[PDB]
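# Structural features, examined
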Amino acid sequence: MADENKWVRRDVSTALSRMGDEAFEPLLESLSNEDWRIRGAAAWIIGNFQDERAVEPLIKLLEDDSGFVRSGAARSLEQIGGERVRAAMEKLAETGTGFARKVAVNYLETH
């Protein structure tokens, strides 16, 4: 059962409920959903993993300005914190517009 994955659907039954891996993709899937309400939560939890798969989402999202989908990407950075996302805000700082800008600029204050 691999030494890197001991937990799996243990007492769980949903997707994002508790997987820490198996829900990573279903999470990435919502990024293509036509609905903004669902696409939001995805971006909101995507940063909680601190992975490259969460880096891109914030890039496009912070530009979507779809509110839940956009604002969600912003908070994702602060969640990760580090040089990784430090490049994400740098990419948004180049296209910094409105609130989307304050996101990158103010965020880097904590790396």
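Counting starts from 1 on each chain and follows the sequence as written, independent of the entry's numbering; residues without coordinates are not shown. Only hydrogens and water are removed before side-chain values are computed, so all heavy atoms of the structure are retained for them.

The name given to the chain in the PDB entry is conserved protein MTH187, with Methanothermobacter thermautotrophicus as the source organism. The title attached to this entry in the PDB is "Solution structure of MTH187. Ontario Centre for Structural Proteomics target MTH0187_1_111; Northeast Structural Genomics Target TT740".

Attention now moves to unusual backbone geometry. Backbone geometry places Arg-9, a non-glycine residue, at a positive phi of 60°. By the element assignment, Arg-9 lies in the segment before helix 1 (24-29). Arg-9 gets classed as exposed once you look at its relative accessible area, which sits at 58%. If you check the backbone angles, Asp-11 has positive phi at about 70° while not being a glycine. Under the scheme used here, helices are H or I runs from DSSP no shorter than 4 residues and strands are E runs no shorter than 2 residues, and both carry numbers assigned from the N terminus. For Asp-11, the location among the structural elements is in the segment before helix 1. Judged by relative accessible area, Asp-11 falls into the exposed class, the value being 83%. Whether a residue is buried, partly exposed or exposed follows from its accessible area with a 1.4 Å probe, protein chains only, as a fraction of its type maximum: under 20%, in between, or over 50%, in that order.

Bringing the packing of helix 5 (residues 83-92) against helix 6 (residues 99-107) into the picture now. Only the stretch in contact is used when a helix axis is fitted, and all axes are lines through C-alpha atoms; the angle between N-to-C directions ranges over 0 to 180 degrees. Running from N to C, helix 5 and helix 6 point in directions that differ by 140°, and their axes come no closer than 9 Å. Regarding the angle of helix 5 to helix 6, the classification is oblique. Here the hand of the crossing between helix 5 and helix 6 comes out left-handed. Two secondary-structure elements touch here, helix 5 through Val-85, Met-89 and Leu-92 and helix 6 through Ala-100, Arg-101, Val-103, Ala-104 and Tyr-107. In the scheme used here, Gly and all other residues not listed as nonpolar or charged are polar, with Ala, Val, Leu, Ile, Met, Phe, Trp, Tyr, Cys and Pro taken as nonpolar and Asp, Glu, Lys and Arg as charged. Taken together, the residues of the contact of helix 5 with helix 6 sort by class into seven nonpolar, no polar and one charged. If an angle is under 35 degrees, it is roughly parallel; if it is over 145, roughly antiparallel; if it lies from 65 to 115, roughly perpendicular; otherwise it is oblique. Crossing handedness is defined as follows: a turn of the near helix away from the far one that is anticlockwise and smaller than a right angle gives a left-handed crossing, while the clockwise case is right-handed. In what follows, residue pairs with any heavy atoms lying within 4.5 Å of each other are defined as contacts.

By this rule, a helix spans an expected 1.5 Å times one less than how many residues it contains. Here helix 4 (residues 68-80) is 13 residues long and its end C-alpha atoms lie 18 Å apart, about the 18 Å a rise of 1.5 Å per residue gives. Within helix 4 the residues assigned to the buried category are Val-69, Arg-70, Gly-72, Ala-73, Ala-74, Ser-76, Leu-77 and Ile-80. Each element contacted by the buried residues of helix 4 is listed here: helix 2 (36-46), helix 3 (52-64), helix 5 and helix 6. Two residues or fewer past helix 4, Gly-81 is found with a positive phi of approximately 65°.

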